[PDB]
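Enquirer: Chains as they are written, first to last, in the authors' numbering: chain C, 1 to 38, 42 to 105, 108 to 127, 264 to 317, 332 to 412, 416 to 504; chain O, 3121 to 3149; chain y, 2 to 59; chain x, 445 to 1036; chain W, 593 to 740; chain G, 10 to 93; chain K, 20 to 87.
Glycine residues also receive a C-beta, built at the ideal position from the N, C-alpha and C atoms.
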Amino acid sequence: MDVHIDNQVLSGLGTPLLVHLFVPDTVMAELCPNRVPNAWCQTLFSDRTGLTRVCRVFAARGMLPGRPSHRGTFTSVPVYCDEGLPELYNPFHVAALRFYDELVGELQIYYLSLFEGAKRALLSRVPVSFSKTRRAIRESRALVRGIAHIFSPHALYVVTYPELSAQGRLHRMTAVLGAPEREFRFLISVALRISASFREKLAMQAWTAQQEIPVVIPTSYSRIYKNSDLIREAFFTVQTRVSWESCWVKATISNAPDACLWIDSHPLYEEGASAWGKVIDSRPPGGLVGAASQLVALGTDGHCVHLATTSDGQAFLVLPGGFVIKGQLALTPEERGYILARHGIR
Amino acid sequence: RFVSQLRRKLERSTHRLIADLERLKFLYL
Amino acid sequence: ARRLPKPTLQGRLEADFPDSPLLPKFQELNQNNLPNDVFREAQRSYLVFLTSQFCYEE
Amino acid sequence: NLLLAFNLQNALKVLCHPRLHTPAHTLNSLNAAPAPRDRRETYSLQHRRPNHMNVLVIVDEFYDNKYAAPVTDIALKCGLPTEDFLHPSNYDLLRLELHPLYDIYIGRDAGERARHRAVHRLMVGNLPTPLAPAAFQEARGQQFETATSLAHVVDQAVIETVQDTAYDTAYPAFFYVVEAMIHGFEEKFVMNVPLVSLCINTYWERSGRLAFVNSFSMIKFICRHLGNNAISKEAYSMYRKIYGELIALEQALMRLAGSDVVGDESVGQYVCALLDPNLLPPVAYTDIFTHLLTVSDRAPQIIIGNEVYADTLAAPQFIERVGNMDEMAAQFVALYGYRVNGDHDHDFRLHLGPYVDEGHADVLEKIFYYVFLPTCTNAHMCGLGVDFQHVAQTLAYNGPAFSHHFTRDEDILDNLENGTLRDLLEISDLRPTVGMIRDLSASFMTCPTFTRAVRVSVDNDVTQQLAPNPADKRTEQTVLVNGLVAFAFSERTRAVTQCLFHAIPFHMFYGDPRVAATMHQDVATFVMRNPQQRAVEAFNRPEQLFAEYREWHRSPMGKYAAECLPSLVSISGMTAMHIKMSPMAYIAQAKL
Amino acid sequence: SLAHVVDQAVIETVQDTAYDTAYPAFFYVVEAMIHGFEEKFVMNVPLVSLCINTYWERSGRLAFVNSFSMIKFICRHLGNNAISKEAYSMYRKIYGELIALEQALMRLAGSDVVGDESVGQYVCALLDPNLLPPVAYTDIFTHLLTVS
Amino acid sequence: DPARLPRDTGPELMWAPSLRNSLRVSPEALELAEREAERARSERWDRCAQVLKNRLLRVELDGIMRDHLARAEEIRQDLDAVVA
Amino acid sequence: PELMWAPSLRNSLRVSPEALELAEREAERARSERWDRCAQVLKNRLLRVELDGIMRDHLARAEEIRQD
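See below:
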């Protein structure tokens, strides 16, 4: 319970009330491989979308709960959406975290899964952490309760405990949707406009390939890939469930820091949720010929479609087979600032 | 004083029963 | 998405044994909400349910 | 000139270090290699979760229009001896065998870089037949017999009679429907004492060998009940010897375990795999799924058709108990309406019994299903699944059991009509008089509706939980709920029972294509087109049902069980190869 | 590791069965009649069980081991006390030994595969589909030149 | 204007055939994956049919479960007002 | 021998005018199905997290039962 009293006196500037929680290792293992993170709070609104300041959450892992039943990581969620009096709760209201060590993996949590279980679980001197002395005397089992998670179907333990007035006001609060409805529709909107840009670039040209990346191709390429076999190019737009892991936003976050290339690569047909948001590097002493080795290793991928984004506002789609279709990236810069505030600072 | 026992056992029987109805609801979906 | 093939179950029992005490507890069903063969097999299932009921109570 | 001995115990100062058990260094060395293996496998890497729930669509769909028959590398290893395993022609298999605790696979380059992934070899028998041949395992079993002073109560005779029992082509399929209707309940079994007391008696008089060995619940009930001169004496002595074998073997395994504890819990769950409660038996009629969630420190996840159920408080949402049949009399028609007006695909409700409170802590049926049965019978049985509605329509839409004015003690075979029960009872030739068929049909009031298969994924032990990849510290295991494992089928049996049973090749011991091709006319074409798949080690199985890498019993166990001679030494060798490869497993192996 | 489920005594029975110069010719006219398939076989089940069980007693040896399809049926259709235990156990031993030798050949040929088909037709003549049994009653020919 | 060649190996030049500029394709594995994924796509269409119907069933179910409490509340408020 | 077309930048794809305009429409048809299936399972867990609230409120009202 070390992180509980570690960000309860630090996050009190940006947030009135702080919640203490657990994440099991089993539920967040598909967020990040090999438990590489060791956070950033950004609660987005359901009907009142906007943008909010980012709050920092101190989390430390590898340390168990008081229960021996499950052993997982520690976390905390700030609650600061409730304007003025926090007696109102916003229902169907997400809270999004950016847990990280070196930014990797994302977590989304409803306020309703949080708050329903929070009521369910119930000549100087040196300065003393009065919260630390008050935390130490509870030390019991029923402070922690297991609550199912609506995003990912697992039990997420919250630890609340009759500590002080700050949690004391918390369980007395009650009040009388569309928060994940927007982010899917937004990403599919920009994916539809990108596929329309590729449609008009294939239309103003002949229906042909320019083949930016060289790779050798067999004679049976029109057989083993059928005539107008755009099955992957059909279903590409359904396969992009994520955006903030995608390389599509990696160009927009890298405009201010200069310009490299980013790759969203997907399986020809359901071979696995492959890869999102990687780098093609010209900075290190691998150099431009080292980046060209990566790009020909990209074009030689015979079982994956590829999408390329540049940081300067251009988008490409590399077919398996070295073929490519040029395209444009440009969008209304309100959504640029929207994504830039969704990730971090403007 | 005999009204404060049968009434109490019957409302205990219905407060277990409304939980049984929500359990039948969880049995449905 | 599918179940096993059906067993044989030749003939009908209700057209053979009118002296069955579970026969008055048989006709609480409805033909007119479904075709004839699916209602027939639903009648088979209800009859074997009530047969198991009679064997269990005895 | 002092004659210093070098035991195993003096090597525990190096064999018990965690650096031998983390594959993180060797996966760093494999994934930084400039030229990985080109031949990738993609057959049983990851258990994909099913969306539906009935397994007949999974089996039928898996074998429908299938012409690809790929095999995994672990099955490719244990099919050739030592001398050619180290040959330079087999470098493609030698390239990945580089750690005894880890059979590292490569997977696929479906993303960007194909990463060498390491799954931990749990028990010592998962070493390949090249680097640990079968005669070495039988001789280690003979070391185990003298190290614990085991007293084998079974002779050769009981082993050979269960052996040619499971090689009987004309095994009575009516015994399957008796096992299916009782399905491991005490109060249901006492309803069928004059049923099975006639069944195994007439099987003992017709063929001389014993019946009902294809389920632990039936032989345990035969050990508890029916000793009152119900069966003949020589038939009952086989069942008594079989049940004495499991308690004697468990006593030998705890003599191996020793009287030392870590913290407060015993060490017996670390050294062996049978004494580990987190291993589950492959067939569960009563509840154990809520039981191990209360006793395990490692967190299990009983995945029921992509529904997780990782915590113990959400018990009735996923699994309901049927209890005994007396309190269900208010909800008989309610359960029938759940049968006929329920959508069983996308139904994530488990219909089980209560957890029985025995002192054994679930080790005896694990022993019987894992070290006894696939060695006395050389891995030649499969786990079928019943439809309870079709057998319910079979046992009650007959003549005499419906009328109730047909008297009890008359033969049923001369007045039953020409239904499927007639050809079921004709090929088996027993004479169950009506009335013992009546309560047999009346058991349907609290039989389940379908035999669902479920993938319990328990984490490893803390000694061998050192992989960096958090998806491979889990070793999954399928368990076929409410269905019985069963022997080979006649074609006469299969034609009259295709509307009753469907086969599920779910386990390494219990997915076998010699038996599956009998009672399923889809794999009967599949092994007709791919006859090399007829071996139990190279048989293809649905990866949404059986993930071979993510499994407790891998293909070397199937190689040993298929080719062991069924006798005492094979049983002791199989129970001696279920020892884990933990550091304290090395400690308790060095002590004895 | 081919396990022999057959024993020496069963080999002695089938040997002096074939060496019996007094073999009843009624089995031969029956096998003329019940050629091949099982639907013709299931209408003569009391006949074949009678003439097997009287030859299990008039002599000691067994009968109907001249053809394979009879062993295939008697392993799978009889066994309901139509014939005696001592006679039926021999046929069960024979049909167990045949599948035992089959699995021995499949453990010899191994998990090798070339041209998405096994090497069993190349490693062994007895696993080749182009080898035929000399006694044939079904359409093995038209089945053969679709798989060959 | 293309030209057809069997083989080469390992150039520095970017537009030059090789074994390293060869795309590793397998027609059999991709076709099976496609045929199976097509089946999965087909099964994906027919889950969006009758949640309207199950929603109507749960609506009438909560109606008849509100019926029991609407029954019980007035009977519980009748049995305590006889104290006068 | 097997012949491989050498990489030139005049190597055209096999000409695809009709490929994409039905493809994006069937893609969005599958996409709406994916989205409302995810919304259905979201609403299922959402009704299961709200249902325990009214039961906890009823078990809180069961306190006043114990003194009556």
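Does the segment 939-956 of chain x touch the segment 808-825 of chain x, meaning 3 or more C-beta pairs lie closer than 8 Å?
Expert: Contact holds: three or more Cβ-Cβ distances are below 8 Å.
Enquirer: For C/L127, count the other beta carbons within 10 Å of its own beta carbon; 16 or more makes it buried, fewer makes it exposed. Which is it?
Expert: C/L127 is exposed by the Cβ-count criterion.
Enquirer: Compare the C-alpha of C/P412 against each of C/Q366, C/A63 and C/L498 and name the closest.
Expert: Checking every option, the nearest Cα to that of C/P412 belongs to C/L498.
Enquirer: To which residues of the same chain is C/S398 closer than 6 Å at the C-beta, ignoring the five residues directly before and after it?
Expert: The residues are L342 and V404.
Enquirer: Starting from the Cα of C/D416, find the closest Cα among C/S350, C/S469 and C/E493 and give me that residue.
Expert: Nearest of C/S350, C/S469 and C/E493 to C/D416, Cα basis: C/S469.
Enquirer: Quick one: is C/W420 buried, meaning 16 or more other Cβ sit within 10 Å of its Cβ, or exposed?
Expert: C/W420 should be labelled buried.
Enquirer: Leaving out five residues on either side along the sequence, give the residues of the same chain with a beta carbon under 7 Å from the beta carbon of x/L545.
Expert: So the list reads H465, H564, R565 and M1025, once near-sequence residues are dropped.
Enquirer: Check the DSSP bridge columns for C/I438 and list the partner residues they point to.
Expert: Looking at the DSSP assignment, C/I438 forms a beta bridge with C/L419.
Enquirer: Given that O/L3149 touches chain K, what residues does it touch there, using C-beta distances under 7 Å?
Expert: Under the 7 Å cutoff, chain K gives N63.
Enquirer: For the alpha helix (DSSP H) that contains x/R958, what are its first and last residues?
Expert: Element bounds for x/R958: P957 to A960.
Enquirer: Spatial neighbours of y/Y47 within its chain, please: CB distance less than 6 Å, with the 5 preceding and 5 following residues excluded, ordered by chain position.
Expert: Here the set comprises nothing.
Enquirer: Give the secondary structure of C/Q394 by DSSP, where H, G and I count as helix, E and B as strand, and everything else as coil.
Expert: Three-state result, C/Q394: helix.
Enquirer: Compare the Cα-Cα distances from G/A12 to each of G/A25, G/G19 and G/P20 and report the closest residue.
Expert: Out of G/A25, G/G19 and G/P20, G/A25 has the C-alpha closest to the C-alpha of G/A12.
Enquirer: Closest Cβ-Cβ distance between O/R3128 and chain G: below 8 Å?
Expert: Not one chain G Cβ lies under 8 Å of O/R3128.
Enquirer: Between the Cα of K/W54 and those of C/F339, C/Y92 and C/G333, spot the shortest distance and give me the residue it belongs to.
Expert: When each option's Cα is compared against that of K/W54, the closest is C/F339.
Enquirer: Assuming x/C891 and x/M625 are in contact, meaning their beta carbons sit under 8 Å apart, how far apart are those beta carbons, in whole angstroms?
Expert: Going by Cβ atoms, the distance from x/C891 to x/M625 rounds to 6 Å, so yes, they are a contact pair.
Enquirer: Are the segment 530-545 of chain x and the segment 492-511 of chain x touching by the rule of at least three beta carbon pairs closer than 8 Å?
Expert: No, because fewer than three Cβ pairs between the segment 530-545 of chain x and the segment 492-511 of chain x fall closer than 8 Å, the two stretches do not touch.
Enquirer: So what's C/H312 in DSSP terms, helix, strand or just coil?
Expert: In this structure, C/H312 counts as helix in the three-state DSSP scheme.
Enquirer: Could you check where the beta strand (DSSP E) with C/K484 kicks off and where it finishes?
Expert: That run of the beta strand (DSSP E) goes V482 to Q486.
Enquirer: Flag this pair as yes or no: are the beta carbons of x/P721 and x/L736 separated by less than 8 Å?
Expert: Their beta carbons are under 8 Å apart, which means x/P721 touches x/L736 by this criterion.
Enquirer: Are the beta-carbon atoms of C/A334 and C/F95 separated by less than 8 Å?
Expert: For C/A334 and C/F95, yes; Cβs fall inside 8 Å.
Enquirer: Could you name the residues of chain O that x/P760 contacts, counting a contact when the two beta carbons are closer than 8 Å?
Expert: Under the 8 Å cutoff, chain O gives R3143 and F3146.
Enquirer: Within this structure, are the beta carbons of x/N498 and x/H804 separated by less than 8 Å?
Expert: Cβ atoms of x/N498 and x/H804: not closer than 8 Å.
Enquirer: With 16 as the cutoff for other CB atoms within 10 Å, does W/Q607 come out buried or exposed?
Expert: Burial call: exposed.
Enquirer: Taking the beta carbon of C/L13 as the centre, do at least 16 other beta carbons fall within 10 Å, making it buried, or is it exposed?
Expert: Result: exposed.
Enquirer: Using 8 Å as the limit for Cβ to Cβ distance, is C/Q365 near chain K?
Expert: Judged by the 8 Å Cβ criterion, C/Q365 is in contact with chain K.
Enquirer: With DSSP as the reference, identify every bridge partner of x/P744, one or two as the case may be.
Expert: Looking at the DSSP assignment, x/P744 forms a beta bridge with x/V902.
Enquirer: Measure from the C-beta of G/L39 to each C-beta in chain x and report whether the shortest distance is under 8 Å.
Expert: So no, G/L39 is outside the interface.
Enquirer: Nearest CA to the CA of C/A42: which residue from C/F77, C/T374 and C/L264?
Expert: Checking every option, the nearest Cα to that of C/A42 belongs to C/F77.
Enquirer: In the structure shown, what three-state DSSP assignment does C/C84 receive?
Expert: Here C/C84 sits in coil by DSSP.
Enquirer: Can you grab the Cα-Cα spacing for the pair C/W362 / K/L28, in whole Å?
Expert: Straight-line Cα distance between these residues: approximately 14 Å.
Enquirer: In chain order, what residues of the same chain have a beta carbon less than 8 Å from the beta carbon of C/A316, not counting five sequence neighbours either side?
Expert: Taken in chain order, the residues that qualify are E90, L91, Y92, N93 and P94.
Enquirer: Please confirm if C/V370 has its CB atom under 8 Å from at least one CB of chain K.
Expert: It does: the Cβ of C/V370 has a partner Cβ on chain K nearer than 8 Å.
Enquirer: Can you list the residues of chain C that x/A554 reaches, using a CB-CB cut of under 8 Å?
Expert: Within chain C, the residues near x/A554 are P425, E429, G430, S432, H461 and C462.
Enquirer: Taking G/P15 as the query, report the chain K residues whose CB atoms sit under 8 Å from its CB, ordered along the chain.
Expert: The contacting residues are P20, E21, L22 and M23.
Enquirer: Counting along the chain, where does the alpha helix (DSSP H) carrying x/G767 start and finish?
Expert: Here x/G767 belongs to no alpha helix (DSSP H), and DSSP marks it neither H nor E.
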